[PDB]
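Chain and residue survey
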Number of protein chains: 2
Amino acid sequence: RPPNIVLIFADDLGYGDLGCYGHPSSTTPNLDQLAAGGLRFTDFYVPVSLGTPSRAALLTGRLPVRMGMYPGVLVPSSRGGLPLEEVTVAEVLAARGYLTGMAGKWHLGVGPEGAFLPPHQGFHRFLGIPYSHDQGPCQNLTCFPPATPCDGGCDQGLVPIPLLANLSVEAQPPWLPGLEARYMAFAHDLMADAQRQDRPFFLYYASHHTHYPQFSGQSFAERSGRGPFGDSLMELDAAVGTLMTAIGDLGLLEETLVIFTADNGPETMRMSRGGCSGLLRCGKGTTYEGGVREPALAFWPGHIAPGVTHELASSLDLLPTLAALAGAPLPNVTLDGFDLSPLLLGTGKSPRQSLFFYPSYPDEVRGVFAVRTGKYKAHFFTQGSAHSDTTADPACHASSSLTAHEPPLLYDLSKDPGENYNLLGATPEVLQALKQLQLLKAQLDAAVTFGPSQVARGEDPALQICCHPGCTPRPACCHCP
Amino acid sequence: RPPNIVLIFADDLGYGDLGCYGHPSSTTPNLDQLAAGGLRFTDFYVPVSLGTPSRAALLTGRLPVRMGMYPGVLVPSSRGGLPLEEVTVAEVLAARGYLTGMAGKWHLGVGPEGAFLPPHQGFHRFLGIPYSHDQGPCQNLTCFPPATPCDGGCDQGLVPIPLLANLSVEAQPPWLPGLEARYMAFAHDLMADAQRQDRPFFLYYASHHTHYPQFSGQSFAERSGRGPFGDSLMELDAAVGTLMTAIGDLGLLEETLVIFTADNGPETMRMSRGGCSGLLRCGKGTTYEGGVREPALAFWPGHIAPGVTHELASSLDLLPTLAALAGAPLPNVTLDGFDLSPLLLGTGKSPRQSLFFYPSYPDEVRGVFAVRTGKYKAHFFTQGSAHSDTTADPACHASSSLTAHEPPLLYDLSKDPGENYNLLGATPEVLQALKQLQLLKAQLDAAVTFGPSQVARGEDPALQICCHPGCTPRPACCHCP
Ligand SMILES: *[C@H]1O[C@H](CO)[C@@H](O[C@@H]2O[C@H](CO)[C@@H](O)[C@H](O)[C@H]2NC(C)=O)[C@H](O)[C@H]1NC(C)=O
Ligand SMILES: *[C@H]1O[C@H](CO)[C@@H](O[C@@H]2O[C@H](CO)[C@@H](O)[C@H](O)[C@H]2NC(C)=O)[C@H](O)[C@H]1NC(C)=O
Ligand SMILES: [Mg+2]
Ligand SMILES: [Mg+2]
C-alpha cells in the first residue's frame, strides 16, 4: 500500500535557477517536465540557509537550534554531529518496513569511528561524501573531463574528500566526472531489490550539484548554455530524468511519490559560477527571501494533480507528511512541521500559517530573526553574509552588520516578494499583523530551549577519515583513488 | 462597618522629597509621623508620569490608553475629558452609601457646560480648580504674602484660574495664600456632616502642592529651610496634620483609613523650585524610575501595623482595594489593578507581580515602553523630557530623542534602583527574566486596544470658564475676586 518515495535535495540552488522558475539560459528539461505533470510550490521554505542546519531540519522535522546544529556548518575534524537520540525520516520508514537508501552529501557529522554517519541513522544503504565536496583540497582534482581542473583549490590542510560505501572508504578522492553514474547505478539497485522483496523503497538523493566547485561528467561539459554552473545543473537534471526512466522501466510510476527541493539559497560569492535567486533578495547565509525560499516540486501520477500552489510549506513538514502517507506513527517528540497530504491530494489546504527563520549564528538573547504569517513578513534583526557578497544590493554584503529593527521591517510578500518596501517606514490590517507577528516571536523565543551546541564541541584532526589508517605523513598520505 | 477613607494626592512630588524618604532639608513632620505609625511603601508606582493620565488611572483603576487619556495633558480649552461611561472610585463608594467629596485639582476635563466636572463623576461635594493652577496667567497673582508675586507668569492668553464650588465659579482667580484654609474648612464640614448622618465619608484631597508656581499661606512663608519649594511642601504637610486632628476631635481615628501618594515625579525643569527624585533617575515626563515611582503611606490605627513594605503596588490598585474594604462590588469592566487588603492587613502578600509603563506620547506601533516583573525592569524604548531638563544626567534632557532598544536595557532594581548598569551590556536567571519580560510586553500590546484620543478632539476657547458670562473682551474680562 505505502507508496515508494524519492526525495531529491540539491545544494546551494536558488529560486530563480530552474527553467520552469524563469531562468533564461538554464537547461533543465527533466525538471521542467516534472513541474508540468505535478505540483509546483511558489512559497516553499527552509528555516536556516546553511548546509548543516537545513539537512537536520529536513530529516527530523525539528528546528535546528533544538538539537544544537549551530552555529555555522560542520567540518571534517568536528567532534559533534546530529545526536543519535534524534529520530529521522529514514527510521520512521524503516520501522514500517521500507528498504531505505541514501546517495550523496550527508554533512550531519562523522565523529569517532563514524558514529554519526548515515548507517546509524536509519539508512540501510549509503553511497556518498560525508560533508561538502569542497571541504578538502581540490587544486589537483579534475572538475570537467578530459582534464579541466576544479577552480580555486577549495579548503587546504585537510584529508582529500572521501567517497564512502556505508562506513568504508571506497575512494579518496573520487573521480568527480563519474560520481553521477555511480549514484544512478546505486539508485537502480535499491529500487529493483525492493521490488523483488515486495517492499516499498525510500531513496534520499542528496546531490552535490550545484555547490562549488562545479563539475560534471563528459556528456554535459560545455553543453548547457550557462557555462560551468549550467553544465552542473544540467547533469543534476539528467539524473532526475534517469531516475524517472528507472521508475518507468519497473512499472512503478503510479506507486511512487517524487519530491524535489534544495537546501538553501545561492552562493553569489561565486559570481557567475554560482546560483540565482531570481526576483528575490540576497542568497545563502541570510534570512532574506533569496536565502530561505527554494524551488519545490511534487510528482505522483494519478494522485497529485498538475498545478501551482501558493500555500505555505516548509522542509520541516516533510517528515510528518511522509509518515502519514506511509501509515507510520510519529516519533514521540515535539515536532515543528505538519502533514501536507490534503494539500498534495487536493482534498484540503495547508495547515501551516507561520514560518520562523533563524540566522547562521543564533543566540538566545536575540531569538528568531524573522517571522512570516500569511502574506506578511517581519524582520526583527537583519544581517548580510559573505556567502551573498558581490551583488549590487548592499544589504546582502558581509559589511552589512547585525542590525536590530524595532519596530521590525515589515513586508507584504504577495505584492513585494523582493522585500523592497517597508510598510512601517499605519493601516488597521497592518497593525493587527504587526501585533500577531510580535506575539508569535515572543511565544516561540520563550518556549524554545537551545540544545547544547554540537559545533562548539570543537575539532580534532584525528577524526578525519583516512583511506590508509595509521599512515604518515597526514594528511597527504591519506589517499586511494 | 465600612471605614472612612481619606485619599491625599500631591502634585509633581518626588520620591526623595519627604523627610522620611531621606531629604536633608525638607520640613515634613506630620507626614513623617504618619509614616512612623503606618505602612511606608518603597516600590509604589503610577503607570504614566503626567498629570492627566495619572489622575485617570487612579480614579478608574484602568490604564490611561484604554479611555483615550493621551497624549500630553488637558488644557482649559480642551473639548475632551474622562468619558462619562468610566466608573470612578467615588461612584463605587457612593452606591454603597458613602458621602463623597473632593477638594483641589481635577484635570480630567471641563467640557461644554462642565459636563466632565466632578459632580458628574460621583462626588457629592466639590471645591477646587478644574486643571492645574498654572494653566492661566499669574504674573499679577501673589504666591506668598504679603505681596510676593508668583514667579515666571504661567500660561498666557487664557482666562484666569477658576475656583469652583460644584459647577459654579466661587472666585476667579482665587487668592493663593488662603486656598489651604478654604480646603481644610470644606474637609471638616464633610467629615462632621457624614458623622451626623451615621454614614462613612470618602475625602479626595488633590493638592496643588507641589506644582509650579509654588505658593503658601503666611504661616509657612520663609519658614521651611528649603525656600519656596519647601514652604509649599510644609503647608501640604500641615494640611495633613490638620486633617488628622479633625479625625481625632471626632473620635474616628480607628475607623479611618488615610492614604498619601503623588501623581508623578518631580519637574526638575524648575531647578531648585522643583522636587527631588533622591537616588532615582530623571523625573516627570519620563518612564525612568524618578518619573513613575512615588512616595506612598497607609495609616489606619489598630488595623495596619507600622512598617515598611517592598512589595509591588500601583495607583491602579486603589479602586479594587477600596471597594473590597467597603464591601462594594466592582464595576463590570476590565480592570488593571488588584486588591491589596491582605498586604494592608498583614494577612497576605501583594498579588501584583508586574507593572507596565507608557510614555507621555504613546502609539499603537510601539506599545509599552518599559515593563517591571519582580526585581527586573526592561526598557524597550527610552526618551528624555523637557520636564526633566537641567540635571547633570543627559538621558533626562529633551535632547535625548526617542530611542529603541533591542534587546532591551535590563536593570536589577533591588541592587541598582538608579538604573545605571545594563545587565545585557548572560546568566540563566537573567535570560529567563528577559524572555518573561518580552512575552509580557507582546501579550499586553496585542490585547490592549487604544481608546480614541480625548486630547486630539481639539480646543475651543469658548469652553473656558468665565465668571461674567457673555463678557467682553475675553479673556481678561472673565474675573471676580
Ligand atoms: C553496504 O550495506 C548494504 C547492506 O547493509 C550493502 O547491500 C545489500 O545489497 C545487496 C545487493 O545490492 C543485497 O544482496 C543485500 O541484501 C543488501 N542488504 C540490504 C540491507 O539492503 C551494500 O553493498 C552497501 N551499500 C551500498 C549500496 O553501498
Ligand atoms: C455644592 O453641593 C453640595 C451638595 O450638593 C453642597 O452641600 C451640602 O452641604 C450642606 C452643609 O455643608 C448640607 O446641608 C447638604 O445636605 C449638603 N448636601 C450633600 C449632598 O452633601 C455644597 O454647598 C456645595 N459643595 C461644596 C461643599 O462646595
Ligand atoms: Mg548548501
Ligand atoms: Mg502632576
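What counts as what
- Residues numbered from 1 in each chain as written, not as in the entry; some residues may be left out.
- Chains lettered and ligands numbered in written order.
- Part of a larger assembly, values for the part shown.
- Heavy atoms only, no water.
- Residues with missing side-chain atoms left out of burial classes, pairs and counts.
- Helix = DSSP H or I, 4+ residues; strand = E, 2+ residues; numbered from the N terminus.
- Rg over C-alpha atoms; globule rule 2.2 N^0.38 Å.
- Least-squares fit on C-alpha atoms.
- Near = heavy atom within 4 Å.
- Polar contact = N/O pair within 3.5 Å; in protein donor to acceptor, adjacent residues only side chain to side chain.
- Areas by Shrake-Rupley, 256 points an atom, 1.4 Å probe, with all protein chains shown as cover.
- Nonpolar A, V, L, I, M, F, W, Y, C, P; charged D, E, K, R; others polar.
- Disulfide = S-S within 2.5 Å.
- UniProt positions renumbered as here; feature names shortened; annotations may be inferred.
- Buried < 20%, exposed > 50% of the residue type's maximum accessible area, 1.4 Å probe, protein only.
- Contact = heavy atoms within 4.5 Å.
- Buried area = accessible area lost by both parts, 1.4 Å probe.
- Domains from an automatic or database assignment.
- Salt bridge = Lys/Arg side-chain N within 4 Å of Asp/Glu carboxyl O.
- 1 Å grid on protein atoms, 1.4 Å probe; cavity = no way out; pocket = protein on both sides within 12 Å on 5 of 7 lines; lining within 4 Å.
- Points joined across faces, edges and corners; volume = space filled by probe spheres on them.
- Donors = N, O, S within 2.8 Å, 3.2 Å for Na, K, Ca; no water.
- Pairing = 2+ DSSP bridges.
- Axes fitted to C-alpha atoms, helices over the stretch in contact; angles between N-to-C directions.
- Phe/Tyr/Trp six-rings, centres within 6.5 Å; stacked < 30°, edge-to-face > 60°.
- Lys NZ or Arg CZ within 6 Å of the ring centre and 35° of its normal.

Header annotation of the entry names X-ray crystallography as the structure determination method and lists the resolution as 2.1 Å.

Let's talk about the overall build of chain A
Looking only at helices and strands, chain A features nine helices and 19 strands. Here the C-alpha atoms of chain A give a radius of gyration of 21 Å, agreeing with the 23 Å that 2.2 N^0.38 yields for 481 residues.

A word on the relation of the copies chain B and chain A
Turning chain B through 180 degrees and shifting it by 0.0 Å along the axis lays it on chain A, with an RMSD of 0.0 Å. The operation mapping one copy onto its partner corresponds to a two-fold rotation axis.

Thoughts on the site of ligand 2
Residues and elements named next belong to chain B. In the vicinity of ligand 2, the contacting residues are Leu99, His124, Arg125, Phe126, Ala165, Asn166, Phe186 and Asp193. With respect to ligand 2, the side chain of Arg125 contributes an N or O atom lying 3.0 Å from an oxygen atom. In this structure, an oxygen atom belonging to ligand 2 sits 2.3 Å away from a side-chain N or O atom of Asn166. For ligand 2, whose free accessible area comes to 590 Å², the fraction covered by protein is 46%. When residues of the shell around ligand 2 are traced back to their parent elements, those giving at least two are β5 (125-128) and α4 (179-196). A class-by-class count of the residues in the shell around ligand 2 yields four nonpolar, two polar and two charged.

A word on the UniProt feature "disulfide bond" in chain A
Residues and elements named next belong to chain A. Disulfide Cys138/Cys154 (UniProt): S-S 2.0 Å, present in this structure. You can see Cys138 sitting in the loop between β5 (125-128) and β6 (142-144) and its partner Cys154 sitting in the loop between β7 (148-149) and β8 (163-165), a full 16 residues away along the chain. For the pair shown, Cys138 and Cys154 are each scored as buried. At 2.0 Å, the distance between the sulfur atoms of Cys466 and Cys478 falls under 2.5 Å, matching the disulfide given in UniProt.

Looking at the interface of chain B and chain A
The interface of chain B with chain A comprises 16 residues on the first partner and 16 residues on the second. Interface area for chain B against chain A, summed over the two sides, is near 1,600 Å², with a carbon-plus-sulfur share of 69%. Across the chain B-chain A interface, the total number found is four residue pairs in polar contact. Secondary-structure elements contributing two or more residues to the side of chain B that touches chain A are β19 (403-412) and α9 (428-447) of chain B. Top element by residues in the side of chain B that touches chain A is α9 of chain B. It accounts for nine residues. Its residues placed into classes, the side of chain B that touches chain A shows nine nonpolar, two polar and five charged.

What to know about the domain arrangement of chain A
Residues and elements named next belong to chain A. For chain A, the assigned domains are domain 1 (1-352 + 450-481) and domain 2 (353-449). Summarising the inter-unit geometry, the C-alpha centres of domain 1 and domain 2 are found 27 Å apart. Listed as interface residues are 38 residues of domain 1 and, on the opposing side, 37 residues of domain 2. The contact between domain 1 and domain 2 buries some 3,300 Å² in all, and 58% of this surface belongs to carbon and sulfur atoms. Considering only the surface of domain 1 that becomes buried against domain 2, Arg281, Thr287 and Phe450 emerge as the three largest contributors, covering 23% of it. Here domain 1 is connected to domain 2 by three salt bridges. Inspection of the region where domain 1 meets domain 2 yields 22 residue pairs in polar contact. For the side of domain 1 that touches domain 2, the elements supplying multiple residues, two or more each, are α6 (289-292) and β15 (313-314).

Points about the site of ligand 1
Residue and element names in this part refer to chain A. Taken together, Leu99, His124, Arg125, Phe126, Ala165, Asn166, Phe186 and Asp193 make up the full set of residues adjacent to ligand 1. Here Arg125 contributes a side-chain N or O atom positioned 3.0 Å from an oxygen atom of ligand 1. Side-chain polar atom of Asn166 to an oxygen atom of ligand 1: 2.3 Å apart, as the coordinates give it. When ligand 1 sits alone it has 580 Å² of accessible area, and the protein chains cover 45% of it. Sorting the residues of the shell around ligand 1 by element identifies β5 and α4 (179-196) as the ones contributing at least two each. Of the residues belonging to the shell around ligand 1, the class tally is four nonpolar, two polar and two charged.

A short note on empty space enclosed by the protein
Reported here for the largest cavity is a volume of approximately 210 Å³. Along its surface, the largest cavity is lined by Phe380, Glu406, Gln438, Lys441, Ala442 and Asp445 of chain A together with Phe380, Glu406, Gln438, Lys441, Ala442 and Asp445 of chain B. Sorting the residues of the lining of the largest cavity by element identifies α9 (428-447) of chain A together with α9 of chain B as the ones contributing at least two each. Tallied by class, residues from the lining of the largest cavity come to four nonpolar, two polar and six charged.

Section: the pattern of salt bridges
A full pass over the atoms with the stated rule returns 50 salt bridges over all chains. Where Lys377 of chain B meets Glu289 of chain B, a salt bridge forms, and the shortest distance between an N and an O atom there is 2.8 Å. In this pair, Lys377 of chain B sits in strand β18 (residues 376-382) while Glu289 of chain B sits in helix α6 (residues 289-292), placing the two residues 88 residues apart along the sequence. By the burial criterion, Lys377 of chain B is buried, and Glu289 of chain B matches it. Linked by salt bridges that have partners in common, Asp43, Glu289, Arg293, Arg372, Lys377 and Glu419 of chain A make up one network.

Describing the coordination of the magnesium ion (ligand 4)
All names here are of chain B. Here the magnesium ion (ligand 4) is held by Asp11 (OD), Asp12 (OD), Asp263 (OD), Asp263 (OD) and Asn264 (OD1), and the distances to it run 2.2 to 2.6 Å. All donor residues of the magnesium ion (ligand 4) come from one chain, and their arrangement in sequence is D-D-x250-D-N. Owing to a relative accessible area of 0%, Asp11 belongs among the buried residues under this scheme. For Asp12, a relative accessible area of 3% corresponds to the buried category.

Side note on the sheet that holds strand β2 (residues 39-41) of chain B
For sheets, the rule is that strands pair by backbone hydrogen bonds, running either parallel or antiparallel. Residue and element names in this part refer to chain B. Taken in spatial order, the ten strands make up an open sheet running β9-β8-β5-β4-β10-β1-β11-β13-β2-β14, and their pairing is mixed. In the strand order of this sheet, the two ends are held by β9 (168-171) and β14 (307-309), each with one partner. When strand polarity is set aside, the average angle formed by the axes of neighbouring strands in this sheet is 15 degrees. The strands that α4 touches are β4 (99-104), β5, β8 (163-165), β9 and β10 (201-206); relative to β4, the one it contacts most, it runs at about 175 degrees.

Remarks on the environment of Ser401 of chain A
All names here are of chain A. Position of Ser401 among the secondary structure elements: in the loop between β18 (376-382) and β19 (403-412). When the C-alpha atoms of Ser401 and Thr261 are compared, they prove to be 30 Å apart, with 140 residues separating the residues in sequence. Excluding residues that lie within four positions of it along the chain, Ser401 makes contacts with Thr382 and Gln383.

Description of the coordination of the magnesium ion (ligand 3)
All names here are of chain A. Around the magnesium ion (ligand 3), the protein contributes the donor atoms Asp11 (OD), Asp12 (OD), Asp263 (OD), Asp263 (OD) and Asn264 (OD1), at 2.2 to 2.6 Å from the metal centre. We note that the donor set of the magnesium ion (ligand 3) lies within a single chain, spaced as D-D-x250-D-N. Taken together, the residues span a long stretch of sequence, with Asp11 in the loop between β1 (4-10) and α1 (29-36) and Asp263 in the loop between β11 (256-262) and α6 at a distance of 252 residues.

Quick word on the packing of aromatic side chains
All told, the structure shown has 22 aromatic pairs over all chains when counted by the stated rule. Residues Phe9 of chain B and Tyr204 of chain B carry aromatic rings whose centres are separated by 6.5 Å and whose planes lie at 40 degrees to one another, so their mutual orientation is tilted. On the criterion of sequence distance, the pair formed by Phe9 of chain B in strand β1 (residues 4-10) and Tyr204 of chain B in strand β10 is long-range, its members being 195 residues apart. This pair shows no difference in class: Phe9 of chain B is buried, exactly as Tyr204 of chain B is. An angle of 55 degrees between the planes, with centres 5.4 Å apart, marks the rings of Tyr45 of chain B and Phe357 of chain B as tilted. Taken as a pair, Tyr45 of chain B in strand β3 (residues 44-45) and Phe357 of chain B in strand β16 (residues 354-357) lie far apart in primary sequence, 312 residues in all. In this structure, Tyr45 of chain B and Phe357 of chain B share a single accessibility class: buried. In this structure an aromatic cluster arises from ring pairing among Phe9, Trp106, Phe123, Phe202 and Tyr204 of chain A. Across from the ring centre of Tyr21 of chain B, 4.9 Å away, lies the NZ or CZ of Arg40 of chain B, which sits over that ring. If you follow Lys377 of chain B out to its NZ or CZ, it ends over the ring of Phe357 of chain B, 5.4 Å from the centre.

Digging into helix α2 (residues 51-60) of chain B
Residues and elements named next belong to chain B. Among the ten residues that make up α2, ten are buried, leaving the element largely enclosed by the rest of the structure. As for α2, its buried residues are in contact with β1, α3 (89-94), β10 and α7 (318-326). A positive phi of about 70 degrees marks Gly61, the residue just after α2.

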